[PDB]
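Q: experimental coordinates for this protein are included below, preceded by the sequence.
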4 protein chains.
Amino acid sequence: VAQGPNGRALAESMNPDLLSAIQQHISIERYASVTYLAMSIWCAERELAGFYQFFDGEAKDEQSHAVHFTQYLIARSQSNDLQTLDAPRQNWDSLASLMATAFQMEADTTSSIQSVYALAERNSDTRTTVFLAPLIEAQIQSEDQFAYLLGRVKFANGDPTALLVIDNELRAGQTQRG
Amino acid sequence: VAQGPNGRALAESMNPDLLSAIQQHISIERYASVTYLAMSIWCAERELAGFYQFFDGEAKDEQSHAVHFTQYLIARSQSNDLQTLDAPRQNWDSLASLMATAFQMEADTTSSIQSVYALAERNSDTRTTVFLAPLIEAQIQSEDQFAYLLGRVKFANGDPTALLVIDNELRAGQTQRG
Amino acid sequence: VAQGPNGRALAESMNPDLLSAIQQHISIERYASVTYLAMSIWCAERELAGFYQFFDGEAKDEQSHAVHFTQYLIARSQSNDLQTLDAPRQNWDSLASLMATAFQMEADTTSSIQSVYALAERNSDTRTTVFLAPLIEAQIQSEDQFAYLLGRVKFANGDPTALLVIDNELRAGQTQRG
Amino acid sequence: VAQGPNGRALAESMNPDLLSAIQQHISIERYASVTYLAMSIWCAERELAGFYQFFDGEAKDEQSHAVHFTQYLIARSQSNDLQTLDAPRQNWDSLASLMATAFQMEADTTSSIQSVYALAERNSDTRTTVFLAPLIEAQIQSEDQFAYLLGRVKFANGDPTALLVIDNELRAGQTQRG
Ligand SMILES: [Fe+3]
Ligand SMILES: [Fe+3]
Ligand SMILES: [Fe+3]
Ligand SMILES: [Fe+3]
Ligand SMILES: [Fe+3]
Ligand SMILES: [Fe+3]
Ligand SMILES: [Fe+3]
Ligand SMILES: [Fe+3]
């Protein structure tokens, strides 16, 4: 039995380019987490308590996704390499602009997973393509959810009254089309 | 065993300037109470039933704070001196202006506690600094809450529709960022 | 009513040096979080599942502490500034060496809070000294806990059998002297 | 409606090389089952009751996997061909050597599934690639589990005391990192 780079017994070697891609994706998830924390703060600063609660939860969820990927590398007997984390964006001129950044962040997270998936396919690392598939499935739902929240905020057309109504929806947990 | 100014057994003498400062602070809490009663009435007169209920409760809470301080003086064997209470402010041109006065009242209550705290520190009255600390902690949360209510009302920008929505939030007990 | 740097109504201005100190401390808590994640991974890589679970939980707790501080800045109407986060230490030659780093990390977190506390005292920012006191109290218990875990691991003197026994204690939630 | 090789109505024909690959994989699962039975016996002969119970359960699970594949061939209207089963390995010089064989057996089971998956992909048999994906996902977890058990036994470094502790973990159902 061979030992993998992290010292554990190795079921199947992993291409170093694929390993680096997964390590970079962990950074993307961690960056999404701190971005949603920054968005939660921006919303709290403007008394948008429902949006604050929503993004506070999204920050914790993205971190959980990051840890899920670190656990996969452990399972593959590959080394983890936790990287320096950039500071998030922290300033927006409107809730609509913040929600656009949030949607882009969610789409960019999927694009990063898809890039890892394509590289796994090129290397015939079927454990990795199989591992990623339900995460891509979850990303479709998150993209649908963020398109819903962004579209509903844009529908409000900057009316504070409409934004208060939506804020109360989010506080109540009404965060998707259902 | 020595007897304190209120006749009870005295654990530790208190500087008369610190005693006067605590007696004055009791008046501040009582004045905050009647101010919030006046605000409750102003809101009821304009059918803002959620704001009326909120301030009715704040009035009772501020009175409870006042009594809490009278109990501390009893515990320190110091005399209480319940003072003449000024009439509250009763007229505002808008809910936003009323909420600004409410926030200032809450901040001024903290500033009064802090002044008592500093005087206790100068006199090394550690019983008093310790007694006041959790009250200052509670004031941070109240200041956060009143900044939230004021900021949400200002966000409404005088739209009656938005103010009705916020009024219903307060009636439901949704009074903080959470 | 004045507006604070983050745009909310301002109860009491804050010295910019104290604000920077709190922002830096948020970074310390975030760095403790990612350090404990790195330690959790190191333990998982060596099948020390109880230590892995323990540090996984500590990572989430430190992040919660960081968010608690961001909420205080919001409450004080001060700006948050989420910073670039250094990569954690990731390599240790023994569990005993890892636990020494963990204890030092916990002690250094307290030292950072104490430095903020002293600066608040110099500026007479009593809201901040009061806010920090229960966090310092919690740090005493965490330091006691980490001294216990480090000391118990050192008692094992590198015996894998003893380390397996302690690992099972941690998996069971037996993480303190009690 | 056409009839498949096993006589049932045929939804989609299957390449004979892919059919043979699935039949061979059923043999791999059956061989893993009898290998884990042999390991269960080896452990029972040395009073390692927790390891005996663990491998007794793994033997039954591998057999269930084999039956799951026979059911897929039935569903595809393909013939099953239950093959002669080799005798398992039965002798090891140490628990650590047995656990190495167990890990290799688990990894080899995944490699066999991956080979079937690749052949299905080459033939565009999407029913089969989809059917196999959750089985590959389960194999990642089993490989992680067996790397954990092997690594924990190797950490014991042949100390009977440490092996008794781990044996009791397995009897209690503590068989993964968690
Ligand atoms: Fe994510
Ligand atoms: Fe996301
Ligand atoms: Fe009060
Ligand atoms: Fe008050
Ligand atoms: Fe902390
Ligand atoms: Fe800590
Ligand atoms: Fe199997
Ligand atoms: Fe298996």
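A: Looks like it came in fine. Numbering: from 1, shown residues only, chains lettered A, B, ... in the order given. Ligands and ions are numbered 1, 2, ... in the order given.
Q: and stretch A:26-46 with chain B, contact?
A: Yes: contact of stretch A:26-46 with chain B (C-beta under 8 Å from any C-beta of the partner chain) involves A:44, A:46. All C-beta spots, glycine's among them, are computed from the backbone N, C-alpha and C.
Q: anything in that stretch near chain C?
A: Yes: counting by C-beta under 8 Å from any C-beta, chain C is contacted by stretch A:26-46 at A:34, A:37, A:38, A:41, A:44, A:45, A:46.
Q: can I get that stretch in PDB, CA atoms only?
A: What follows is stretch A:26-46, C-alpha atoms only, in PDB (Å, rounded to 0.1, in the frame of the first residue of the first chain):
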ATOM      1  CA  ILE A  26     -11.300  25.900  -1.400                       C
ATOM      2  CA  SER A  27     -10.000  29.500  -1.500                       C
ATOM      3  CA  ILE A  28     -13.000  30.500  -3.700                       C
ATOM      4  CA  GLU A  29     -15.400  29.100  -1.200                       C
ATOM      5  CA  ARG A  30     -13.600  30.800   1.700                       C
ATOM      6  CA  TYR A  31     -13.700  34.100  -0.200                       C
ATOM      7  CA  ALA A  32     -17.400  33.700  -0.900                       C
ATOM      8  CA  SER A  33     -17.800  33.200   2.800                       C
ATOM      9  CA  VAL A  34     -16.100  36.400   3.800                       C
ATOM     10  CA  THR A  35     -17.800  38.300   1.000                       C
ATOM     11  CA  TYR A  36     -21.200  37.300   2.400                       C
ATOM     12  CA  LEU A  37     -20.000  38.400   5.800                       C
ATOM     13  CA  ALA A  38     -19.100  41.800   4.400                       C
ATOM     14  CA  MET A  39     -22.500  41.900   2.700                       C
ATOM     15  CA  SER A  40     -24.200  41.000   6.000                       C
ATOM     16  CA  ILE A  41     -22.400  43.900   7.600                       C
ATOM     17  CA  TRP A  42     -23.400  46.300   4.800                       C
ATOM     18  CA  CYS A  43     -27.000  45.300   5.300                       C
ATOM     19  CA  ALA A  44     -26.900  45.600   9.100                       C
ATOM     20  CA  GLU A  45     -25.400  49.100   8.800                       C
ATOM     21  CA  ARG A  46     -28.500  50.100   6.800                       C
END
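Q: quick check: residue A:139 touching residue A:110?
A: Yes: the pair residue A:139 and residue A:110 passes the contact test of C-beta atoms under 8 Å, sitting 4.1 Å apart.
Q: who's the closest spatial neighbour of the residue of chain A found nearest chain C, skipping the chain neighbours?
A: Sorted by distance to chain C under C-beta to the nearest C-beta, the residues of chain A start with residue A:85, at 4.0 Å. Of all residues not flanking residue A:85 in the chain, residue C:85 sits nearest, at 4.0 Å (C-beta to C-beta, 6 or more residues apart in numbering or on different chains).
Q: for the one you found, give me phi and psi.
A: Main-chain dihedrals, residue C:85, degrees, to the nearest 10: phi -110, psi 120.
Q: can you pull the contacts of it?
A: Neighbour list for residue C:85: A:34, A:84, A:85, C:27, C:30, C:31, C:34 [criterion: C-beta atoms under 8 Å, 6 or more residues apart in numbering or on different chains].
Q: again, but for residue A:119
A: So residue A:119 contacts A:15, A:17, A:18, A:21 (C-beta under 8 Å, 6+ apart).
Q: helix or strand for it, which one?
A: Per DSSP states H and E: residue A:119 is located in helix A:95-122.
Q: next helix or strand past that helix?
A: helix A:126-156.
Q: quick one: is the helix or strand that comes right after that next one near chain C?
A: With elements assigned by DSSP H and E, the helix or strand that comes after helix A:126-156 is helix A:160-171. No: Helix A:160-171 is not in contact with chain C by C-beta under 8 Å from any C-beta; minimum separation 14.7 Å.
Q: tell me the helices and strands packed up against helix A:160-171.
A: helix A:49-75, helix A:126-156, helix B:126-156, helix B:160-171 (3 or more C-beta pairs under 8 Å, 6 or more residues apart in numbering or on different chains; DSSP states H and E).
Q: name the nearest residue to whichever residue of chain A sits closest to ligand 1, sequence neighbours excluded.
A: The minimum distance from chain A to ligand 1, using C-beta to the ion, falls at residue A:65 (3.6 Å). Excluding the flanking residues, the one nearest residue A:65 by C-beta to C-beta, 6+ apart is residue A:29, at 4.7 Å.
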